[PDB]
Amino acid sequence: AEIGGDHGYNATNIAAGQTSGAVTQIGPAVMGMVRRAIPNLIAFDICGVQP
Amino acid sequence: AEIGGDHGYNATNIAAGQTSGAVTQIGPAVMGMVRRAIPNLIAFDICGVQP
Amino acid sequence: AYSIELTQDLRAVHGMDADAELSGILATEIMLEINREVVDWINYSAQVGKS
Amino acid sequence: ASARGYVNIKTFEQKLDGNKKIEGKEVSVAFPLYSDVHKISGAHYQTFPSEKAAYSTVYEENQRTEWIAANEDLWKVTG
Amino acid sequence: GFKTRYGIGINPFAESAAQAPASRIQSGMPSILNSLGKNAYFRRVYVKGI
Amino acid sequence: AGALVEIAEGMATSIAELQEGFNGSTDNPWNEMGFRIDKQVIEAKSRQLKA
Amino acid sequence: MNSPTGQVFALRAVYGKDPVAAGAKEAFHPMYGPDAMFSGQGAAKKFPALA
Amino acid sequence: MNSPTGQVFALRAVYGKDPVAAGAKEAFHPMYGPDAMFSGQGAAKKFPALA
Amino acid sequence: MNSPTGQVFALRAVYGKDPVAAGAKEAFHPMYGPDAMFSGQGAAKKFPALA
């Protein structure tokens, strides 16, 4: 009666592949890295430049 | 001084990619699977088969 | 001041440069500040309105 | 605490023999300990994971020989 | 009988009101801690008096 | 109320020139920026019925 | 999701020399602005927190 | 090892209906012979341990 | 109505194993939403009625 088992649903147990069942999987694939936006400038029409 | 850090050398903290430094890596990748060898038979010449 | 032990493995695991990530966020941070400066002096140097 | 997960085995008691029972026992196990050692099959149970231990009998990260004696105790036949 | 398996996920940066994630390996399953009332993407308003 | 206003300014070219131990001066480090890279993990849950 | 348990990273740009630290400000944060003088006078002298 | 922290699997062939269990006899083990009636009489009746 | 006594059937989609029974809920009901864990977690345990 081989049980497939699940991860604990814990965040650590998954990242390790640790599984209550028989098999311990490799790892949690990758769905890709999310970065944070780079914010916008007000430009300079508000103030004279004069390099 | 952005530090690269290490896995804790703990067995879980590696498989989870948890890392003391900035970056938490993906995971261990894989070095391949090791199975266990099947033993060897003594065959039948020691006892008359006689189906 | 990033680290040499980081760029090795971060390039291995994530493929990112770990340099142009810092030079990207410093050169961007000096601009986002020099832009938030000349807005701050507008708000700083402005008379109280509705007065 | 276990800090990871709790696999919760609830055995359901039954009449094995004349005027005898296999007592159903609510028990919780720290998930890493559970995946390592569990003997439960054919034991008339049902299991679920939970972030906190869902039964009053709790086994943390480190017991081992204390737990190894508890799971095989799920088969104890009392009258 | 039928069986399906799906699973749900929460957008990292969901909260975005916090400069740091906790624990740095953090379940993306919606839970009371991370996902309850904390998504910056969804803003809910009970309208009364209709 | 205008009591406590909000500004952004520069760095005097006398201080910025010698910065972090030039010309005998000391105790005045530069400011730095890192990056972090933390991860998340999800799990698949099941569902099912009968007739 | 092809294999169970996806995972997704997140790159926080964190400044102040400690990418992972208690209460280390995030760099480009849609909510919170860039600290106006950080590159600037803020690096030359330490300004007293307002309490 | 190209990327840090490789990982190797191991597949134990376990019998007794519970792949992961307390003292679950491994199937094909160079040390230990197979219990010669497991398939056989040992499944029909239970033989008492010797103590 | 071409002949006395018409008749009209009605197919209730009723769930819970009893096509006819006491208060067995109808499946696709314009009023009542489908209980969203019935297939799901709701079949693993019985959630305590709220009273």
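Conventions we followed
Residues numbered from 1 in each chain as written, not as in the entry; some residues may be left out. Chains lettered and ligands numbered in written order. Part of a larger assembly, values for the part shown. Heavy atoms only, no water. Helix = DSSP H or I, 4+ residues; strand = E, 2+ residues; numbered from the N terminus. Buried < 20%, exposed > 50% of the residue type's maximum accessible area, 1.4 Å probe, protein only. Areas by Shrake-Rupley, 256 points an atom, 1.4 Å probe, with all protein chains shown as cover. Pairing = 2+ DSSP bridges. Axes fitted to C-alpha atoms, helices over the stretch in contact; angles between N-to-C directions. Contact = heavy atoms within 4.5 Å. Buried area = accessible area lost by both parts, 1.4 Å probe. Polar contact = N/O pair within 3.5 Å; in protein donor to acceptor, adjacent residues only side chain to side chain. Nonpolar A, V, L, I, M, F, W, Y, C, P; charged D, E, K, R; others polar. Core = buried A, V, L, I, M, F, W, Y, C linked by side-chain atoms within 4.5 Å. Salt bridge = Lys/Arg side-chain N within 4 Å of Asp/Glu carboxyl O. Patch = residues over 30% accessible without salt bridge, like charges linked within 9 Å, V, L, I, M, F, W, Y side chains within 5 Å. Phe/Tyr/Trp six-rings, centres within 6.5 Å; stacked < 30°, edge-to-face > 60°. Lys NZ or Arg CZ within 6 Å of the ring centre and 35° of its normal.

Method of determination for the deposited model, per the PDB record: cryo-EM, at 3.3 Å resolution.

Some details on the overall build of chain A
Each helix and strand in chain A was counted, giving 1 helix and 1 strand. Viewed in the frame of its principal axes, chain A has a C-alpha envelope of about 80 × 15 × 10 Å. For chain A, the residues scored as buried account for 31% of the 51 residues in total. For chain A, the accessible surface area stands at approximately 3,100 Å², while carbon and sulfur atoms represent 58% of it.

Structural notes on the sheet that holds strand β1 (residues 33-35) of chain A
Taken together, 4 strands build an open sheet; the order of strands is β1(A)-β1(G)-β1(F)-β2(E) and the sheet is mixed. Two strands close off the open sheet at either side, each with one partner strand: β1 of chain A together with β2 (25-27) of chain E. Averaged over all adjacent pairs, the angle separating strand axes in this sheet is 30°, with direction ignored. Taken together, the 3 bridges between β2 of chain E and strand β1 (residues 38-41) of chain F define a ladder with parallel strand orientation. Pairing of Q26 of chain E across the sheet is with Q40 of chain F, part of β1 of chain F.

Here's the deal with the interface of chain G and chain F
Contact residues are listed per partner, giving 27 residues for chain G and 23 residues for chain F. Between chain G and chain F lies a buried interface of about 2,200 Å² when both sides are counted; carbon and sulfur atoms form 62% of it. Our enumeration of links across chain G and chain F arrives at 10 residue pairs in polar contact. Of all elements in the fold, only β1 (7-11) and α1 (41-44) of chain G reach the threshold of two or more residues within the side of chain G that touches chain F. With 5 residues, the top contributor of residues to the side of chain G that touches chain F is β1 of chain G. Of the residues contributing to the side of chain G that touches chain F, the split by class is 17 nonpolar, 8 polar and 2 charged.

Here's the deal with the nonpolar core
Counting residues in hydrophobic clusters, the biggest one holds 18 residues, and the most contacted among them are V23 of chain B, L10 of chain C together with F35 of chain F. Of all the secondary structure elements, the ones that give two or more residues to this core are α1 (4-13) and α2 (22-45) of chain C. Ranked by the residues each element gives to this core, the list is headed by α2 of chain C, at 3 residues. Not counting the four nearest positions on each side in its chain, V23 of chain B is found in contact with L6, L10 and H14 of chain C, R24 of chain E together with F35, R36 and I37 of chain F.

Structural notes on the interface of chain F and chain B
Across the boundary between the two partners, chain F contributes 7 residues, which contact 8 residues of chain B. Overall, the association of chain F and chain B removes approximately 570 Å² of surface from exposure, summing both partners, and the carbon and sulfur fraction of that is 40%. Looking at the side of chain F facing chain B, the largest losses of area belong to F35, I37 and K39 of chain F, adding up to 65% of the total buried there. There are 0 salt bridges connecting chain F and chain B. The tally of links between chain F and chain B comes to 4 residue pairs in polar contact. Each residue belonging to the side of chain F that touches chain B can be placed in one class, and the counts come to 2 nonpolar, 1 polar and 4 charged.

Topic: the environment of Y32 of chain H
Tracing the backbone shows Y32 of chain H in the loop between β1 (8-11) and α1 (41-44). Between the C-alpha atom of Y32 of chain H and that of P19 of chain H, which follows or precedes it by 13 residues, the distance is 17 Å.

Points about the pairing of β1 of chain G
Among the 5 residues that make up β1 of chain G, 5 are buried, leaving the element largely enclosed by the rest of the structure. Residues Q7, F9 and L11 of chain G of β1 of chain G are buried on one face, and the alternating residues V8 and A10 of chain G, pointing to the opposite face, are buried as well. In this sheet, β1 of chain G lies alongside β1 of chain F in antiparallel orientation, the contact comprising 4 bridges. Along β1 of chain G, the bridge assignment pairs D38 of chain F with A10 of chain G.

Considerations on a nonpolar patch on the surface
Residues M31 and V34 of chain B together with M1 and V8 of chain H make up a contiguous nonpolar surface patch of about 450 Å² in total accessible area. Positionally, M1 of chain H belongs in the segment before β1.

Considerations on the arrangement of the chains
Contacts between protein chains span 22 pairs of chains, and they are most numerous for chains F and G. Separated in space, chain G and chain I share no contact, their closest pair of C-alpha atoms being 18 Å apart.

A word on the sheet that holds strand β3 (residues 26-30) of chain D
Note: strands within a sheet are paired through backbone hydrogen bonds, in either parallel or antiparallel orientation. Residue and element names in this part refer to chain D. Pairing within the open sheet is mixed, and its 4 strands lie in the order β4-β1-β3-β5. In this open sheet, the two strands that pair with only one neighbour each are β4 (45-50) and β5 (58-59). Taken together, the 2 bridges between β3 and β5 define a ladder with parallel strand orientation. Paired with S28 across the strands is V58, a residue of β5.

A few points about the packing of aromatic side chains
Within this structure, the stated rule accounts for 6 aromatic pairs over all chains. Judged by centre distance (4.7 Å) and plane angle (35°), the rings of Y15 of chain I and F38 of chain I are tilted. Here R36 of chain A stacks its cationic end above the ring of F13 of chain E, 4.1 Å away from the centre of that ring.

A look at α1 of chain C
Residues and elements named next belong to chain C. Of all the residues in α1, the buried ones are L6, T7, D9, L10 and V13. Two or three places before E5, at the opening of α1, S3 has a side-chain oxygen 3.3 Å from that residue's backbone nitrogen. Downstream of α1 by a residue or two, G15 has a phi angle that is positive, lying close to 70°.

Comments concerning the pattern of salt bridges
Taken as a whole, this structure holds 13 salt bridges over all chains when the rule is applied. Measuring nitrogen to oxygen at the nearest pair gives 3.2 Å for the salt bridge that ties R36 of chain C to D40 of chain C. Remark: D40 of chain C and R36 of chain C occur in helix α2; sequence separation between them is 4 residues, near one turn of the helix. Through salt bridges that share partners, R36 of chain A together with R12 and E26 of chain G make up one connected network.

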